[PDB]
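Enquirer: Pasting a structure here, questions to come.
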Amino acid sequence: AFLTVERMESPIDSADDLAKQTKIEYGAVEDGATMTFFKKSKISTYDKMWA
Amino acid sequence: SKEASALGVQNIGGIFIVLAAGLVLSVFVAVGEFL
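From first to last, the protein sequence lines are chains A and B.
Under the deposited numbering, the first residue of the first sequence carries the number 657, and numbering increases by one thereafter.
Under the deposited numbering, the first residue of the second sequence carries the number 809, and numbering increases by one thereafter.
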């Protein structure tokens, strides 16, 4: 179980892998052209990022 | 996503009871073996 927990998460966590996971915290300037493209322009993983 | 919990006493507690029951049954049947 420990090994599956540590391996199901993506160690390289490239782009879309960050959307599904929630353990790692992430963010940027609030509405500083970062999530302005994410509130609109619905893209699946980008929509998860906006959410 | 938080599941890194070991097999603690809550996870496994009845093993002590079953081993104690086995021990007491073993001695209770061994004392009658001599008779």
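The beta carbon of each residue, even a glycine, is placed where N, CA and C say it ideally should be.
#1: Measure the CB-CB distance between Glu665(A) and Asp673(A) and report whether it falls below 9 Å.
#2: Could you name the residues of chain B that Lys679(A) contacts, counting a contact when the two beta carbons are closer than 9 Å?
#3: Run down chain B in chain order and give the residues with a C-beta less than 8 Å from the C-beta of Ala657(A).
#4: Can you name the residues of chain B whose CB is closer than 7 Å to the CB of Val661(A)?
#5: Could you tell me whether the Cβ atoms of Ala684(A) and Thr678(A) are closer together than 9 Å?
Expert: Straight from the coordinates:
#1: yes
#2: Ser809 and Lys810
#3: For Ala657(A), the residues of chain B that pass the 8 Å Cβ criterion are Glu811, in the order they occur in the chain.
#4: By Cβ distance, chain B contributes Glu811 and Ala812.
#5: No; because the gap between Cβ atoms is not below 9 Å, this pair is not in contact.
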